[PDB]
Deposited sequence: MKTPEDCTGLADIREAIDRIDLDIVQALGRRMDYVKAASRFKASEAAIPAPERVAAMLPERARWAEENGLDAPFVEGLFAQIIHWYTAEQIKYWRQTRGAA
């Protein structure tokens, strides 16, 4: 259901669980690409997307700095593991 058609917290939770799983799945696919490849330029882009989507840019930049650094460190681990 849309946010407007939600009749209670149970409807809300159905939608939020789906969004959050979508996010985790996208993050999983994101790692496959990073592995296949084996911040200052990436964050302004993502801060713009945040604003465009009605979200606080600096919070969303915090989320992406966290992500990008994790995936960078994992790429380094993965490289050593596979060479």
Deposited-sequence ranges lacking CA coordinates, in order, are 1, 40-53, 99-101
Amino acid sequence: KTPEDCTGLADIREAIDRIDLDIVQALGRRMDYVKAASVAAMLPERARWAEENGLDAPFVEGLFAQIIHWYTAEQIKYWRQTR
From here on, numbers count along this sequence of modelled residues.
Stretch with higher mean Cα temperature factor, 26-34 vs 41-49, is 41-49
Ranked by mean Cα B-factor in the entry, 71-79 and 16-24, top stretch is 71-79
